Structures are given as structure tokens and as C-alpha cells.
């Protein structure tokens, strides 16, 4: 293992990764990463990036790990390796309170839908919606999506369910918005929860992460950390 492990993350996805008022990194990803590093007995430097630059930066060795709500998908496994699951992550639509919008082509054709560049939601939205007449608009960071929704530039926005819920819907800025329909289920696109993204050849680093995460889950540190953010089981199955 390196003495310093460099972890990239996109700090605009509360409550998993964001910045406090002084610019320090906060969220459940941060806590998980810092707790794993503690147990791996390495130093960890967090590195902020747009989400869609994370996997390119990992391939170029500018970072060594990604902890950024990075969903474990089949396509991504072709390019990088993953730790064991850190938590589950369903996708879901948000729109203005009272809107009839559903995550269907029939409901969304002609409306403007925000998605994060590089995400599984952009992959899904591009294939099923954008080609068929939905104005799918891709954003560099998720904060910009929420803002464009509250200004009425967007009709709806597709992102991880818990990020939307805890990072926006339950905040003042999303008081007048809600989920539009239930979770969009599509195991192909959205993957099997999130994990630490790693280079394929870094078997020893993956092993160290996987073992730290088992240890912090076994002794109950996971749940203590998660209760700061969630009143439900974020881990899943």
C-alpha cells in the first residue's frame, strides 16, 4: 500500500459528499473513507473533482480511489475495480410538488430533465428519454441541477434517491418539491449499490479497503456513523 492514499470525490452530493462553510469535506462518504483509512493505517488525502472526471483521474493515477456514491455497474467493472458495497442507491425523479410527472417517456416527452454528467442517471436518461424527445440536459455538478429546478429551468431531475431526499427535498430549498413516481428500477443501469472505485491492478489496496469496511461494519461503527445522516437502513441487503 502507498503511505498516502489519494481519494477523489465530487463534493456536491449531500449527504454523502459536500463541503461545510469553511470548505472542509463532510458527508457519509467522507466518514466512511476516513474510518477505513484509519483502520488501514494509511494517510488519506481527499481531492475534489467534478463527478465525470473521477474515473479518468483514477485511470491517469492522479488519484488512487474514488469514494463518491460511485455505483458498482457492469460497464464500470470493465474499466475499474470496486470495493465491497458501501451502501445501496436507488434512482428516483423529483419535480415540483403536485406535478403529475412520472418517470415515463409519455409523461416526460417535451419536458426538460436534469441529470449529472457521467452518472448512471445520464446513461439511463440518454438511452431511454433523450433519443425519444425528452429534453435531457446534462450538468457538471448536482448543485446546479437543484438550482435550475428551483428556478424553473427544469421540469424534473433524476439522481440518487437518498441524495435528493436528504440533500434537497428535506432542506429549505426543496420545500416545494417532491418525488415524482416511485424509484426507477433498472439493475442494468443503476448497479448494485456504491463502492470504492480502484484501479484493476491495485489488488492490495482493494483488499485493505474491503477488510477495513468489514471490520467497521462488524463492530457497529458503520451504523453509528450512518445514524448521523439516516433514520433508515442505507446499506440495503
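Positions refer to the first chain, counted from 1.
- Comparing 31 to 39 with 185 to 193, the stretch with the higher mean C-alpha B-factor in the PDB entry is 185 to 193.
- Between 100 to 108 and 74 to 82, it is 100 to 108 that carries the larger average Cα temperature factor according to the deposited entry.
- The maximum CA B-factor among the listed residues 147, 120, 141, 165, taken from the PDB record, is found at 147.
- Among the modelled residues of its chain, residue 69 has a C-alpha B-factor that falls in the lowest third according to the deposited record.
- For residue 50, the recorded CA B-factor ranks within the lowest third of the chain. Only modelled residues enter the ranking.
- In the deposited entry, the Cα temperature factor of residue 169 sits in the top third of values across the chain's modelled residues.
- The PDB entry assigns residue 17 a C-alpha temperature factor belonging to the lowest third of its chain's modelled residues.
- Annotation for residue 125: C-alpha temperature factor in the middle third relative to the rest of the modelled chain, per the entry.
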